[PDB]
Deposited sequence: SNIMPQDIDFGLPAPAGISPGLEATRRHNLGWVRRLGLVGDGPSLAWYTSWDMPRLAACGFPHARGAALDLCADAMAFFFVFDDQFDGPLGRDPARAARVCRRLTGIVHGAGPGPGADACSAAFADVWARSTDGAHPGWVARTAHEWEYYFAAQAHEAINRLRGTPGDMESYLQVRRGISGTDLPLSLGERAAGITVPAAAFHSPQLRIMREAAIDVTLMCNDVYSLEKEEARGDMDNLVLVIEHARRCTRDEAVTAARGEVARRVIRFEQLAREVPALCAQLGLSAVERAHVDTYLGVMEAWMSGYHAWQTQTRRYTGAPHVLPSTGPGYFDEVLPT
């Protein structure tokens, strides 16, 4: 019991078709085991449940971005994730794409897929959205090497260090930046940076990564992963696994409560700032984007085959992928 309500975009089926063609055309997913395994994740349902405001090509972008995140993530479940210098170099290649240097023809599948997601994301976007989201991507790519450092250390970090690494490797605020973009809204800066919306944005991202930590612990613990809230709590408190899971549930619940308490202040905040009716509408949609990411991510993770299937399809005795698609 995380304390989250149940959630979908009507573009689910069209996006399923588009996204299957996209991952195969780009070389992220092959034929056979990799395609079956990818399909079992149900990236279209994650997009439709996590981004219910997205329609048409906007939902396509959400599903393709998710596909990139998950395929790229799994490439570190192998030697790359025990090699911080190599991880830092591979991730520097991707960061160069973020800051404007496109990969060119014949780039590897991960570079090509990311370049496509990023170009589609920024096309027609407000410059303030582009600048913020570019730095979000930089954090995401740069954090991976620190997760590898922690694996070599073999102990979980303290809570502060766990949050600094885990917020990065989880994709930081990128799901919410994507949801804003896909909903076609631009949050007014005066509202975006209110203490209420800053705390809410941070809480929503923490909620989803902590919910994921609980559901993905089984597939991660056996690989020597250290940046998982359950392991962090257990190590810090010297408590039982059950006590640590219970505490993790409470960390999520307290953040949901804080989010909802602050959400109640948002109508009055928009009035204090003198926002226009359209601006208030965009803020209201942004609240729904955050609410839907929290509830939709969790709904998806209860139905996907990624977490129950991984230890059997890709046991910890081998890499967490069928094909190497990321040159190192």
### Query
Which bits of the deposited sequence have no atoms placed for their C-alpha?
1-8, 16-17
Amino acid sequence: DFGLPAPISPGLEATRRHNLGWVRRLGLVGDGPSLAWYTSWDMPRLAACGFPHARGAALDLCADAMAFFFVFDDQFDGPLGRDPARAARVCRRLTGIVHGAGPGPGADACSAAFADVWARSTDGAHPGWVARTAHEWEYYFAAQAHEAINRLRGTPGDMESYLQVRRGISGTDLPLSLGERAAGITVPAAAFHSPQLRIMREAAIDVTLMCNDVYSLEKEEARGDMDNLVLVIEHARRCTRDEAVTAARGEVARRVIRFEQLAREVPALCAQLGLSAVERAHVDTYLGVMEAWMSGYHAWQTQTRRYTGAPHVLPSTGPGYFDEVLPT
From here on, numbers count along this sequence of modelled residues.
### Task
Would you mind comparing 116-124 and 135-143 for me and telling me which has the higher average C-alpha temperature factor in the entry?
116-124
### Summary
With B-factors read from the PDB entry, the higher C-alpha mean of 146-154 and 177-185 is in 177-185
### Summary
Comparing C-alpha B-factors across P195, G81, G100, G171 in this entry, the winner is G100
## Note on the structure
Among the modelled residues of its chain, the C-alpha B-factor of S111 falls in the third labelled middle
### Message
Is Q272 in the lowest, middle or highest third of its chain when residues are ranked by C-alpha B-factor?
### Response
lowest
### Query
By the record's CA B-factor, is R201 among the lowest, middle or highest third of residues in the chain?
lowest
### Message
By the recorded C-alpha temperature factor, relative to the other modelled residues in its chain, which third is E160 in?
### Response
lowest
## Note on the structure
Chain thirds by Cα B factor, record data; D242 belongs to the highest
